[PDB]
Amino acid sequence: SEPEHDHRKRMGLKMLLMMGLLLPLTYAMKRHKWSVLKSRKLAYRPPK
Amino acid sequence: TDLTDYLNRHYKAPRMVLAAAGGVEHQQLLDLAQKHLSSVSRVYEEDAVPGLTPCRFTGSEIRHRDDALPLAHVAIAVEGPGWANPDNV
């Protein structure tokens, strides 16, 4: 039923290593491009 | 008291330039500075010399949104070198 087993698991660990390499890169990029926003403090100065 | 302390600390003698430009000569101005401007402070009063620390430039952004104004003013700048650096020219 499965003559595909060894090559499937080969692509499996290749995918796992590639995903574990390329996911913190995009995570750090997203954290940078949103840490420009999350440091924003707002103030309201009405004329009273 | 705050103004008295400020004038005692920061209006000292070695931080003053007496500058004259125009129809004057240096000898009469020097005699007038000797007569009138002598003995300004000549003292530190605590043996604590005040100085200057290098102030860091940081990148930031301030937005004062007020939409009832007719026009918008935006100033964008980077860090300049200083007075003593020739590349200012």
# chains A, B, ... in the order shown; residues from 1 in each chain; ligands from 1
>>> select_by_dssp(residues="chain A", states="alpha helix (DSSP H)", output="VMD selection string")
chain A and resid 5 to 38
>>> residues_around(residues="region 29-46 of chain A", least_positions_apart="5", cutoff="10 Å", atoms="only C-alpha atoms", output="list in words")
residues 23 and 24 of chain A; 60, 61, 62, 63 and 64 of chain B
>>> write_last_selection(atoms="C-alpha atoms", output="compact mmCIF listing (two decimals), in the first residue's frame")
# COMPACT_ATOMS: atom_id res chain seq x y z
CA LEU A 23 9.99 30.25 11.13
CA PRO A 24 11.98 32.28 13.75
CA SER B 60 11.53 58.35 17.28
CA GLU B 61 8.35 59.93 15.93
CA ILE B 62 5.94 62.37 17.57
CA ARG B 63 2.57 62.99 15.91
CA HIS B 64 0.43 65.82 17.29
>>> residues_around(residues="region 9-15 of chain B", least_positions_apart="5", cutoff="7 Å", atoms="only C-alpha atoms", output="list in words")
residues 40, 41 and 42 of chain B
>>> write_last_selection(atoms="N, CA and C atoms", output="PDB file, in the first residue's frame")
ATOM      1  N   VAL B  40      34.180  89.310  37.658  1.00  0.00           N
ATOM      2  CA  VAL B  40      32.794  88.886  37.506  1.00  0.00           C
ATOM      3  C   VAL B  40      32.483  87.807  38.536  1.00  0.00           C
ATOM      4  N   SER B  41      33.103  86.632  38.402  1.00  0.00           N
ATOM      5  CA  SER B  41      32.972  85.595  39.420  1.00  0.00           C
ATOM      6  C   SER B  41      34.317  85.160  39.985  1.00  0.00           C
ATOM      7  N   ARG B  42      35.226  84.667  39.129  1.00  0.00           N
ATOM      8  CA  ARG B  42      36.555  84.144  39.498  1.00  0.00           C
ATOM      9  C   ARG B  42      36.498  83.082  40.603  1.00  0.00           C
TER      10      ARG B  42
END
>>> closest_residue(among="B:71, B:89, B:37, B:76", to="residue 17 (chain B)", atoms="only C-alpha atoms")
B:37
>>> atom_distance(atom1="CA of residue 66 (chain B)", atom2="CA of residue 47 (chain A)")
12.0 Å
>>> decode(residues="region 26-43 of chain A", atoms="N, CA, C and O atoms", output="CSV table (one decimal), in the first residue's frame")
chain,number,residue,atom,x,y,z
A,26,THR,N,11.0,34.8,10.2
A,26,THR,CA,9.8,35.6,9.9
A,26,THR,C,9.1,36.0,11.3
A,26,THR,O,8.5,37.1,11.3
A,27,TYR,N,9.3,35.3,12.3
A,27,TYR,CA,8.8,35.7,13.6
A,27,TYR,C,9.6,36.9,14.1
A,27,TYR,O,9.0,37.9,14.6
A,28,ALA,N,10.9,37.0,14.0
A,28,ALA,CA,11.7,38.1,14.4
A,28,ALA,C,11.4,39.3,13.5
A,28,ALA,O,11.4,40.5,13.9
A,29,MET,N,11.1,39.1,12.2
A,29,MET,CA,10.8,40.2,11.3
A,29,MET,C,9.4,40.8,11.6
A,29,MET,O,9.3,42.0,11.7
A,30,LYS,N,8.4,39.9,12.0
A,30,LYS,CA,7.1,40.4,12.4
A,30,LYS,C,7.2,41.1,13.7
A,30,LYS,O,6.6,42.2,13.9
A,31,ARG,N,8.1,40.6,14.7
A,31,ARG,CA,8.2,41.3,15.9
A,31,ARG,C,8.9,42.6,15.8
A,31,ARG,O,8.6,43.6,16.5
A,32,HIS,N,9.9,42.8,14.9
A,32,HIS,CA,10.5,44.1,14.6
A,32,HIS,C,9.5,45.1,14.0
A,32,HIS,O,9.3,46.2,14.5
A,33,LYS,N,8.8,44.7,12.9
A,33,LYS,CA,7.8,45.5,12.3
A,33,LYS,C,6.6,45.8,13.1
A,33,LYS,O,5.7,46.6,12.6
A,34,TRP,N,6.3,45.1,14.2
A,34,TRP,CA,5.3,45.4,15.1
A,34,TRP,C,5.8,46.0,16.4
A,34,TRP,O,5.0,46.7,17.1
A,35,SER,N,7.0,45.9,16.7
A,35,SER,CA,7.6,46.6,17.9
A,35,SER,C,7.9,48.0,17.6
A,35,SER,O,8.1,48.8,18.5
A,36,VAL,N,7.9,48.4,16.3
A,36,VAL,CA,7.8,49.8,16.0
A,36,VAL,C,6.4,50.4,16.4
A,36,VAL,O,6.3,51.5,16.9
A,37,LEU,N,5.4,49.6,16.4
A,37,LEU,CA,4.0,50.0,16.8
A,37,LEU,C,3.8,49.8,18.3
A,37,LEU,O,3.1,50.7,18.9
A,38,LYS,N,4.3,48.8,18.9
A,38,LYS,CA,3.9,48.5,20.3
A,38,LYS,C,4.7,49.4,21.3
A,38,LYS,O,4.3,49.3,22.5
A,39,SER,N,5.6,50.2,20.9
A,39,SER,CA,6.3,51.2,21.7
A,39,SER,C,5.6,52.5,21.7
A,39,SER,O,6.1,53.5,22.3
A,40,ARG,N,4.4,52.6,21.0
A,40,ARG,CA,3.7,53.9,20.9
A,40,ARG,C,2.9,54.1,22.1
A,40,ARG,O,2.1,53.3,22.6
A,41,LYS,N,3.1,55.3,22.7
A,41,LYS,CA,2.3,55.8,23.8
A,41,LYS,C,1.5,57.0,23.4
A,41,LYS,O,2.0,57.9,22.6
A,42,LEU,N,0.2,57.1,23.7
A,42,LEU,CA,-0.7,58.1,23.3
A,42,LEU,C,-1.1,59.0,24.5
A,42,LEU,O,-1.2,58.5,25.6
A,43,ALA,N,-1.3,60.3,24.2
A,43,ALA,CA,-1.7,61.2,25.2
A,43,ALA,C,-2.8,62.1,24.6
A,43,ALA,O,-2.8,62.5,23.4
